[PDB]
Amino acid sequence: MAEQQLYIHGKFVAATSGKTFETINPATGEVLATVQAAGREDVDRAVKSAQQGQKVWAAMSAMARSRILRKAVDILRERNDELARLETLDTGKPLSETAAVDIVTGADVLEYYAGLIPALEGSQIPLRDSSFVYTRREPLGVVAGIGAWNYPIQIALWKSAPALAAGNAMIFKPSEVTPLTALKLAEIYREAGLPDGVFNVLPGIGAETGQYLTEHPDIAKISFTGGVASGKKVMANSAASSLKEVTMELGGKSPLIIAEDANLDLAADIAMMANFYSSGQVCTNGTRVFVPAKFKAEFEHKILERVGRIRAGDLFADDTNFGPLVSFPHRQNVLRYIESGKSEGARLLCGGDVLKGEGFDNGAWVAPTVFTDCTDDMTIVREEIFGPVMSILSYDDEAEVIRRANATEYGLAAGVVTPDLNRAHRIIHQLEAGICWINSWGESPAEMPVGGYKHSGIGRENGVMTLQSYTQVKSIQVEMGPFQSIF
């Protein structure tokens, strides 16, 4: 394709860095496009543009903002198939996923927040007959989002929707792995009537462009999605440079707890969806599957049956439901984890190699992989792989499985499979995770706040509360009585 540019103040503009990078189609190894990289001057230009756009945007009525975001939704729906194809080329996720999830649920969140703008309200507190307090929920101003590569456009929508709905301008940095759909979104927003500067997109390298965003003194908040290690670097710099509010959605090693009374067909289906969707590149994946020892062998058989139905192939084919990983460097990291599982004694139930033959030799494929006989000290059990690698762990009692599920620095998601009323709520209330599913996995409604305990995040996305977290409270006291000085 054409050499992709930055998007600043409602037009494509050349980067003033003189630097570029390439994004690879993970199914072929070919270069998709050359992308310009925003430097320090590009960030300052984006910020000044955002400051000018934010004032226009905040001065509109709440319903005027609502209508513009809803027009963007209508465009996204109409262009769902077009945007999904570009997403498939950039990420390697099958079209069967991208046309059905990536833009649909991105738009859903934009649609949800568009409707809530008129309900964003402050408070009023009487103190006494002669004084009262009222609060305003004011825009932060200019905020920055740093996106991840697994759900490029959805992440762009989940960050920009609450930010814009709260009256801010956002500067969005997509992942260097997958920058292309973020730039389409910027065009769609302008077409919908978003004022220039309110959504600027700055492709680049995280070591450079992201750092320049976190360091800029006129950016009031950073929202980051990525791996735990990368988050720790981002969060520090947003302190050492200028005091920014922060939200982080990091990785996890989420547990899936199968109870003794669970149906094993349901449990196996839930476990399949918790591990192999998007080729296992999902932060909320239930990679640690805890199963009663009494049912281990049966559950293993049901997992192997379902793994055999997985259909890798042409990513634009209707029946394809498994794709390559996002890049060859990521595959190398995933294969190193698979080899550490072999060396540490875990039993390889299936997969564990790359895929071979016509149409796979040129892609970044890893076969769906399952380890069993896993113990809590193994590398594959303690660390996030971010690939299609399920770990099966046997357990004996409910107290044990709760301790083991919680004995981690990760805290993102968790789930339980049981038909019993008391067991479902009782187990879930004791798990240390922000996103808990009972008898399901992966559904993430716009209404539902999501985010991590412990090392898996700071703050939340989605829900009414995330709209509020993109505002800052101003408290105003009206003193109508006589003021008394003691001097």
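In this text, residue numbers run from 1 along the sequence as written. Each form is matched to the other, and the largest set of C-alpha atoms that superpose within 1.5 Å is called the rigid core.
### Query
Superpose by the rigid core: which stretch, 285-293 or 235-243, shows more Cα shift in 8 other deposited structures of this protein?
This comes out as 235-243, the stretch further from the shown form in 8 other deposited structures of this protein.
### Task
With everything overlaid on the rigid core, name the stretch, 224-232 or 267-275, whose CA atoms wander farther on average in 8 other deposited structures of this protein.
The answer is 224-232, which departs more from the shown form in 8 other deposited structures of this protein.
### Task
Return whichever of 233-241 and 321-329 has the greater mean Cα B factor according to the PDB record.
Stretch with the higher mean C-alpha B-factor: 233-241.
### Query
On average, which has the higher Cα B-factor in the deposited entry, 165-173 or 334-342?
Between 165-173 and 334-342, it is 334-342.
### Message
Looking at 368, 292, 179, 411, which one carries the largest C-alpha B-factor according to the PDB entry?
### Response
Each of 368, 292, 179, 411 was compared by C-alpha B-factor; the highest is 292.
### Query
For the listed 282, 297, 125, 416, which has the peak Cα B-factor recorded in the PDB entry?
Highest C-alpha B-factor among the listed options: 297.
### Message
What third of the chain does residue 206 rank in for C-alpha temperature factor, lowest, middle or highest?
### Response
For residue 206, the deposited C-alpha B-factor lands in the highest third.
### Query
Sorting the chain's CA B-factors, does residue 252 end up in the lowest, middle or highest third?
For residue 252, whose C-alpha B-factor we compare with every modelled residue in the chain, the answer is the middle third.
### Chain third (lowest, middle, highest) by recorded CA B-factor, residue given as residue 39
It belongs to the middle third of the chain when residues are ordered by C-alpha B-factor.
### Query
When the modelled residues of the chain are sorted by Cα temperature factor, does residue 362 land in the lowest, middle or highest third?
Tercile = highest for this residue's CA B-factor.
### Chain thirds of CA B-factor: placement of residue 404
Middle third - that is where residue 404 ends up once the chain's C-alpha B-factors are sorted.
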